[PDB]
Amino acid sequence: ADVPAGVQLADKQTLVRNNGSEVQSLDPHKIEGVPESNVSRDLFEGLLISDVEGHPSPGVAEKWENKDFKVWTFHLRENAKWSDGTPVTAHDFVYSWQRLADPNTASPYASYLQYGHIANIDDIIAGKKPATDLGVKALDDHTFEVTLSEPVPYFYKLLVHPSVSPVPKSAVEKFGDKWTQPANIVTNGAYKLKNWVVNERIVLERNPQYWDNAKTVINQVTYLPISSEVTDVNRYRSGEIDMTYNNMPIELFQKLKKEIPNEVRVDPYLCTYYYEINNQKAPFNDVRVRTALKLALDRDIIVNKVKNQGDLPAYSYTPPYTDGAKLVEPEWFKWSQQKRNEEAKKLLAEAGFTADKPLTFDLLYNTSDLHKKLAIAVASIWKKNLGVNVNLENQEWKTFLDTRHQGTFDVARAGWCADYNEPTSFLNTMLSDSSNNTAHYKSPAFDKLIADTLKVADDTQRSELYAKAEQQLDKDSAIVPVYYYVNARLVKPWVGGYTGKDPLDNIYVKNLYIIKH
């Protein structure tokens, strides 16, 4: 943290943040969501980290170089240490990326190594080669070298993600799946795990061995698992919570902006809200059915009438303001909603549905007041505009992600937030074989368009191919785009250090401080 001259600090430097739900895990190779990544950034530190404005910056690596965008060499700082006092070395990174790649780990982010194109990843994921064949090596204790199968100019931008953070081999091997318990865990970020009570709280405390510990100010941070956005706001205003989660309640948001405007933070955010269709299950394997659902949803009503928080109506998966995005707005987005409705009813009529034998299916969402209200509105709109019936179902966060990976569903609420600011952070998740692909979408034409983006050494061709890939996804109606997010949350006046400028929202509690009050 960089405390401004003249600022008076509180005697007690403690922070309480709401985290939306109970995390899937604290193991960097077993996580996939926002709540999980929020705690991971405080505990495990990879090669690079985001600074307070979101720029890729030095983490364990203090400097790095590349040869032809294919061989990347990272120089690790000599004083990087784990919470037990042992040095962080290049051997820790070799072990960790191999564990991520190994199919026996079954990481939801195994494909992150495919996105960065590390040598031999496809064969390792398929079981044809051992994980020790991965294109990474330690040249010495402080030098980590990565080899790619093709030139990737933006490779270093990927390295702030939790999936490529180091894990402690000795704890993993001795305790197996219990390595993350407080008595066994070892961490290398600014904080250490103090307490963990499932469905109550996660408490972290300063790690005195962290290399940049002299600049850390907050001594303790608590993360809570509150899924009701109303309850989060209530406990913030009562004084218990210093920072809410970034999901705001429809019941109170308008009033909050009038009552405490300076505490209501609303900033740009690279995420898309959509309804994920299970593309491999009838009758959702029929493009006429997917297209009807996509067109019949009224984005103006949802965005401006129901939520009214500043989100923008969506027509694509990748947000149009992503660095490198130059997307073409589909002609169906320009029509009236009436014209969209007629096209949708005609398509369902062609697919065999009638008044006596309508289309009926499930709409799954993760427990939340906001997602429930949005799903109710969508159900009503689809009933009125298209004559379809839906059954809403809620599931806890960890269970919800598992259901989507299994294909245990019909249609599901969904969000995707960028891991790095480049269109492939989104597009790579729709590749036929991606570990992040919960749409269960497989298109040879889509896969080829993305493969061609790193076969050219040019950005205009690259951006044009990304636009064509979005057109292919839209043509097939793989998903139902709803809105591009704004990042809305409440932050007390005494919490310093949060700029609102990072469009990925990669906060580190080591950068915050409590002003005397």
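Numbering starts at 1 and runs along the sequence shown. Rigid core here is just the name for the largest C-alpha set that superposes within 1.5 Å across the two forms.
Between 154-162 and 291-299, the larger mean CA deviation from the shown form in 9 other deposited structures of this protein, after core superposition, belongs to 291-299. Annotation: of the segments 226-234 and 342-350, 342-350 departs further from this form in 9 other deposited structures of this protein (C-alpha atoms, root mean square over structures and residues, core superposition). The PDB entry reports B-factors from which the mean C-alpha value can be compared for 352-360 and 164-172; the larger average falls on 352-360.
Annotation for 362-370 versus 277-285: the higher mean temperature factor (C-alpha) is found in 277-285.
Taking only the listed residues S25, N506, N19, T499, the entry reports the highest CA temperature factor at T499. Of the candidates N385, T429, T105, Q98, it is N385 whose Cα B-factor is highest according to the PDB record. Per the PDB record, residue ranking by Cα B-factor puts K455 in the highest third of the chain. Sort the modelled residues of the chain by CA B factor and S425 lands in the lowest third.
Sort the chain's modelled residues by C-alpha temperature factor and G135 lands in the middle third, per the entry.
In the deposited entry, the Cα temperature factor of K194 sits in the middle third of values across the chain's modelled residues.
In this PDB entry, the Cα temperature factor of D476 sits in the top third of its chain's modelled residues, the highest group.
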